[PDB]
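Undergrad:
Protein chains: 6
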Amino acid sequence: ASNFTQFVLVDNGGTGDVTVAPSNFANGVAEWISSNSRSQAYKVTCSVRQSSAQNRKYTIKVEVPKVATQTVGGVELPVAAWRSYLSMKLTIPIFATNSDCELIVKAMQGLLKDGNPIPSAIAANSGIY
Amino acid sequence: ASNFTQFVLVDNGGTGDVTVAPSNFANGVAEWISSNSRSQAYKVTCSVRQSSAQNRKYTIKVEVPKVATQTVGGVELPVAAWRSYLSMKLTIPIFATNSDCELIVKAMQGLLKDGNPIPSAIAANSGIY
Amino acid sequence: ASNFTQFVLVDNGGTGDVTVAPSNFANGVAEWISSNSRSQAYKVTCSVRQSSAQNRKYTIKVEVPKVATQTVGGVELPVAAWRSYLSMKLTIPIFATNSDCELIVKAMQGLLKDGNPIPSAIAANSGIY
Amino acid sequence: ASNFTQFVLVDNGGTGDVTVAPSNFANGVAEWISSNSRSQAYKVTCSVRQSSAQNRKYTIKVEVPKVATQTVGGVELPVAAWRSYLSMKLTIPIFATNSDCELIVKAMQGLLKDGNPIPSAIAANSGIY
Amino acid sequence: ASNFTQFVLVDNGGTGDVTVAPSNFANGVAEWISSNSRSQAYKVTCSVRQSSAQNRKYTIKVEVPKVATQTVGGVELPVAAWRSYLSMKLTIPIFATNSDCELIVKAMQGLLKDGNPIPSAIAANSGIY
Amino acid sequence: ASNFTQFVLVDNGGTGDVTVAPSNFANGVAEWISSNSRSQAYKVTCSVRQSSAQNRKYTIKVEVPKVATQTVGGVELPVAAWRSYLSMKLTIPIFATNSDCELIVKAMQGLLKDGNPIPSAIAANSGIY
RNA sequence: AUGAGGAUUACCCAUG
RNA sequence: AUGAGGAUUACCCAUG
RNA sequence: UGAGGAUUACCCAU
RNA sequence: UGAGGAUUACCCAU
């Protein structure tokens, strides 16, 4: 009926879960932010355009913040100490079938499944070796 | 330890699984590849470097073949019609701790969890609506 | 095999052991980094090149940080109060055989063995006397 | 006491042990030399000075010679076919306590411990891989 | 698990065998040298890059030395009287299957098998006639 | 003698063997070719000349067809997609004796022996790792 | 449009 | 990227 | 090469 | 400071 729904971005098992929701769709860019202060919210944006005459390009961005409380001018303001930025671009030929695309997805899911090299490395501040 | 081992990229539950294994490590850029012709194989590469003075940045690339009507081992042109290209860039501030990084991974896992918008959109040649 | 693996930089028995692992190997420069916040991690880089026509030259570099917590404006970040920098360059003629190198290595080990001058001096904020 | 004494630069058990002893200490530069013909002896020099207002800097230097006999015009002299030159500079902030230095030292010892990368690499005319 | 292992380059049946080992991997160039003095060692290097948009090019080099003992300045130095250089470049289309590549290998093995024209000629300082 | 005879280039053990035979000798450049259309045949050429004043240099070229999905006798374009090109250049100093040359051959044989890195890498569309 | 190019991340740089 | 082009072999030359 | 320097693969002198 | 150099307490670049 619509795919633009809220969804859980960080799953910690019922408690402390980071759920993100639709917040804007201006300029063809779907946005989702966490239920926080715009200054310290999690943000996910997605957009797709037909770049070439034969390709479609999905552009996804995610912002993970480190929440904090800065004291500017002697006043307490909610803020982000720093943000982590994920930026992925997916280019899919138009000849790709639905089944075809499903692979692209599954592949991406596998690439980050627990215990596999890449996420392992990332979660330990190291490279692959 | 050592994290540069083979893993399951596409999980179809036992049968039909696509395993990708290490194939190159020139320039600290790890490369995994499926057991197909380079022309039509699943490719995964990853590397890390300190982009600026405040950040480290993981660069991950994934190549996924179009399989529908594919001709195993054949020569199919144009190349741009039979391959999808994924390109992730993960920027993480030097202040991020191991825990911090685990969260960032979870966020990515969730972004792509089966059933959520982004992946289900890609999986249907759709955008957001 | 590979000699680009993790190893123990600091041996505290089996407790405070400081382990450094591969980071990246771009531009012929191997880099090892300890775990957790890059901001306050140990670093070890190594590289080898043919300096003259008769010599090869190793260039090792080690960084030992002083872990501390920077608090500014009520925002705390894990940082390094300061860092100690080791920088050694080793020149070895091409006429050196494996046997010769072993020797050179043993010399380096001796130079720093517990109880000897240079090491016991450095260890006490002292010089020679 | 004094830490300007003789020590073992190369430990061959109790046989080929290379012992280096005090030579002179002029201009704040300690020098150790092995016995016999200077022309083909081991050399070790060390010195410490206040580089900046916050740092002190050690400068160690080691010379490993390749003993050979030069015969020219029927006249033989004990000389060094060639020499291997080690040159290390260590910078330590003045805020470092004895405890801190011990650490820095242990790091150096580890860096060169048998079996680890850098040492085992140098020992085989090899680099990293 | 890894293909970068030591291997026997010249097989003389257990005795006098010339075995070569990994020695460096800087700049994406795998290197192997014999257990000799860098000045008179056997050397093998390999590297592969994706030259065209549709080709992959393996570049292999081998150095066979004639060991000797030169007397420079009246001193004995280990050295090579001369070196023999092998340089091969292999270009393989990306459409090449694994089975496809296997042929390329077998072909190369056959090309040099004992008793066949080419190696026969080489081993006798003559051309083909 | 006479060494310009047919030989087995690809040995599949009796059946499936690929024999290549002499087909041209213009300009002292010997050419062997398989029994296929020039378009999809195994080709081998070899020649020797004195490159410089100190060296002789064998130039060997090998062309190997892609067979997977090949259509026997058909016209398949583009040519660059169905063929692999090997190009060896062996430089040998004039001082090399027959024995010396035999060794050089052995070195080449070993470089490509079944099971060693280089050949097993090529055989798997892999590089070194 | 490409970039193991960058960020103060729906923007800036370089390139062909 | 090609060269029965070169070497003091991870470099130089010529060419299109 | 520098018992020149640091916010360390980078800056200052021959 | 220099993954600039050596005949190493000294030479070449910012």
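Chains as they are written, first to last, in our numbering: chain V, 1 to 129; chain Y, 1001 to 1129; chain G, 2001 to 2129; chain E, 3001 to 3129; chain L, 4001 to 4129; chain Z, 5001 to 5129.
Every residue gets a Cβ at the ideal spot worked out from N, C-alpha and C, and that includes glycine.
1) Could you check what DSSP says for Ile-3128/E in three-state terms: helix, strand or coil?
2) Can you tell which of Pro-4119/L, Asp-4100/L and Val-4072/L has the C-alpha that lies nearest to the C-alpha of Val-1072/Y?
3) Take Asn-3055/E and list the residues in its own chain whose beta-carbon comes closer than 6 Å to its own, dropping the five residues that flank it on each side.
4) Which same chain residues, not among the five before or five after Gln-70/V, have their C-beta less than 6 Å away from its C-beta?
5) Does the beta carbon of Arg-1083/Y sit closer than 8 Å to a beta carbon anywhere in chain Z?
6) I'd like the span of the alpha helix (DSSP H) that includes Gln-2109/G, first residue to last.
7) According to DSSP, what are the bridge partners of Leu-5090/Z?
8) Decide if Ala-30/V is buried, meaning its Cβ has at least 16 other Cβ atoms within 10 Å, or exposed.
9) Just to confirm, is the Cβ distance from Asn-3125/E to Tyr-2129/G under 8 Å?
10) For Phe-5025/Z, count neighbouring Cβ atoms within 10 angstroms of its own Cβ and tell me buried if that reaches 16, exposed if not.
11) Within the 8 Å Cβ cut-off, does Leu-103/V reach chain Y?
12) Classify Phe-3095/E: buried if its beta carbon has 16 or more other beta carbons within 10 angstroms, exposed otherwise.
13) Determine the extent of the alpha helix (DSSP H) in which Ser-5120/Z is found, giving its start and end residues.
14) Quick check on the DSSP output: the beta strand (DSSP E) that includes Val-5075/Z runs from which residue to which?
15) Rounded to whole angstroms, what's the CA-CA distance from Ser-5087/Z to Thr-5097/Z? Just pull it up for me.
16) Is the beta carbon of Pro-5022/Z sitting closer than 8 Å to the one on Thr-4005/L?
17) Find out if the Cβ-Cβ distance for the pair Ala-5121/Z, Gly-5115/Z is shorter than 8 Å.
18) Can you tell me the Cα-Cα spacing of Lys-2057/G and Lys-3089/E, whole angstroms?
19) So which of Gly-5014/Z, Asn-5027/Z, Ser-5037/Z and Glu-5063/Z has the shortest CA-CA distance to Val-4105/L?
20) Could you pull out every residue in the same chain whose Cβ sits closer than 6 Å to the Cβ of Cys-2046/G, ignoring the five residues on either side in sequence?
21) Going along chain L in order, which residues have a C-beta closer than 7 Å to the C-beta of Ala-5121/Z?
22) Are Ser-2034/G and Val-2018/G close, meaning C-beta to C-beta below 8 Å?
23) Can you check which of these residues, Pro-4065/L, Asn-4027/L and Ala-4041/L, is closest to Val-4048/L by C-alpha distance?
24) Given that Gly-1016/Y touches chain L, what residues does it touch there, using C-beta distances under 9 Å?
25) In or out: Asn-4036/L buried (at least 16 other Cβ within 10 Å) or exposed?
26) Using the beta-carbon count (16 or more within 10 Å), is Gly-1110/Y buried or exposed?
27) Taking its Cβ as the centre, do 16 or more other Cβ atoms sit within 10 Å of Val-5075/Z, making it buried, or is it exposed?
28) Name the two residues that bound the continuous beta strand (DSSP E) containing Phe-1007/Y.
29) Tell me the DSSP secondary structure of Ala-1081/Y in three-state form.
30) Which residue or residues does DSSP assign as beta-bridge partners of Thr-2019/G?
31) Determine the chain L residues that contact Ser-1035/Y at a beta-carbon separation under 9 Å, and present them in chain order.
32) When the distance is taken between beta carbons, is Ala-3081/E closer than 8 Å to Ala-3068/E?
33) Alpha carbon to alpha carbon, what distance is there between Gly-4013/L and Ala-3041/E?
34) Just list the residues that DSSP pairs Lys-3066/E with in beta bridges.
35) Mark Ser-51/V as exposed unless 16 or more other C-beta atoms lie within 10 angstroms of its C-beta, in which case mark it buried.
TA: This is what the structure gives:
1) coil
2) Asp-4100/L
3) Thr-3091 and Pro-3093
4) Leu-77 and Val-79
5) no
6) 2098-2112
7) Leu-4086/L and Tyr-5058/Z
8) buried
9) no
10) exposed
11) yes
12) exposed
13) 5117-5122
14) Segment: none, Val-5075/Z is in no beta strand (DSSP E) and carries neither H nor E.
15) 24 Å
16) no
17) no
18) 16 Å
19) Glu-5063/Z
20) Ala-2030 and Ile-2060
21) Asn-4003
22) yes
23) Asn-4027/L
24) Result: empty, since nearest Cβ-Cβ is about 19 Å, beyond 9 Å.
25) buried
26) buried
27) exposed
28) 1007-1010
29) helix
30) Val-2008/G
31) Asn-4098
32) yes
33) 42 Å
34) BP columns for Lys-3066/E are empty, so no partner.
35) exposed
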